[PDB]
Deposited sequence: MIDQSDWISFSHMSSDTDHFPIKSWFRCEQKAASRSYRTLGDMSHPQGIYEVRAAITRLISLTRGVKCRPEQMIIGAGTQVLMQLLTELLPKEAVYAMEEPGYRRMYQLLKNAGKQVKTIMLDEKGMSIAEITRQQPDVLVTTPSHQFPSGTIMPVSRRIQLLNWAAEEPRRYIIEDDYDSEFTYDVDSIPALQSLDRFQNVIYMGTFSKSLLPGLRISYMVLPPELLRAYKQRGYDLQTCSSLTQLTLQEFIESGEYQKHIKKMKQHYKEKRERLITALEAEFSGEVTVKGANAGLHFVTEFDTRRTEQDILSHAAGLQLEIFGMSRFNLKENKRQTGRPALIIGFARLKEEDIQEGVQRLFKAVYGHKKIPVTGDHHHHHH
């Protein structure tokens, strides 16, 4: 496999400190071995929840007490639980383009899902208003996949909407929030909300490995009450995994990791854009590269997206199409993730793109 990954779903393992993670695991195991034979508090070990709460209040400005947070074997399990905590009759609203997987999860749940188009400011509040939903699912920090950062003004608009009527909720998926390059950090929607209409959700898939399977959500106390009233849920994250995370955070290894990785990803995104402009001369349009670990490139060709993809897979370039993120064509648009893209493989990689874009 002499592959090159322009994939957004992967993360580069060479710069994760796996020995540090493993040493954090051993520290946690020896500090807490006696209590490992317990099954965690269903919301997650309290001290781990406390570590995450301090962490996210620091980095993102999130305001919560650890009692509000639930862990977490992935955002998909948390989101399922969340649909059971929300009113059963709620009408959901997701960004178009967006996460088809959650769209299918919601439809499969018999829910009504309205797809909300985007504009230069993020998910379209005008379409939200026209279609009149109950629950919004949004990616304000770095829209997925379009990469649009939602400006504060649009955030204000969404919060005003949520607050003008009862039992309206905003699910803020703060995927990709650890990295914000030549823009500065904008605080989360939750931190701008005065009325607790926001379910903040975050994950460690990108700040760590995806195979580690940990995410978390912060409930409004009304939904938290609805949670506690269940009485039968069990934690899906292994206790050691929770404790290794808590050590990794509290040792300062996580902040060290993130700082170094931000510098690394900033430089790699500059290099990739420069290679893209050299190879494609300015016949590629790049969009949504302000933050996060991916951007969009639209090209222009008489090749269908599907045949471009079929031909990039032959050159062993791993890359995906924007058409994948339709929930519910006109030009080729592609998603370029530079998480796993090796820094020595840029030119070669971009070359494999030109030949897959064109044929030469």
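- Several segments of the deposited sequence are absent from the coordinates, namely 1-4, 333-337, 370-383.
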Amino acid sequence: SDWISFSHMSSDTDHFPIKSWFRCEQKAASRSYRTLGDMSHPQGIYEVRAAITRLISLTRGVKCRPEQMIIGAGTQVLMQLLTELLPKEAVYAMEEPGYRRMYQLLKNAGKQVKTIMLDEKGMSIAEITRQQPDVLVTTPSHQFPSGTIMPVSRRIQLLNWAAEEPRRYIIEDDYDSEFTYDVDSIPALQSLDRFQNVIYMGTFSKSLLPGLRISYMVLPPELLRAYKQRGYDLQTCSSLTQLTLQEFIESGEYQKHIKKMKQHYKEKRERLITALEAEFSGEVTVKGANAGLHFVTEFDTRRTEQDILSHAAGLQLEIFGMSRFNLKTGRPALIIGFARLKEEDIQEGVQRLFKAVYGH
From here on, numbers count along this sequence of modelled residues.
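- Checked against the record, the higher mean CA B factor of 229-237 and 272-280 lies with 272-280.
- Comparing 91-99 with 255-263, the stretch with the higher mean C-alpha B-factor in the PDB entry is 255-263.
- Within the selection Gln68, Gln306, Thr53, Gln26, the deposited Cα B-factor values reach their highest point at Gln306.
- Based on the entry's C-alpha B-factors, the most elevated value among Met322, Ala291, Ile319, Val48 belongs to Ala291.
- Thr297 sits in the middle third of its chain by CA B factor, as recorded in the PDB entry.
- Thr285 sits in the highest third of its chain by CA B factor, as recorded in the PDB entry.
- Among all modelled residues in this chain, the alpha-carbon of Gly211 has a temperature factor (C-alpha) in the highest third.
- Residue-level temperature factors show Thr180 in the highest third of its chain, judged at the C-alpha atom.
- The PDB entry assigns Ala333 a C-alpha temperature factor belonging to the middle third of its chain's modelled residues.
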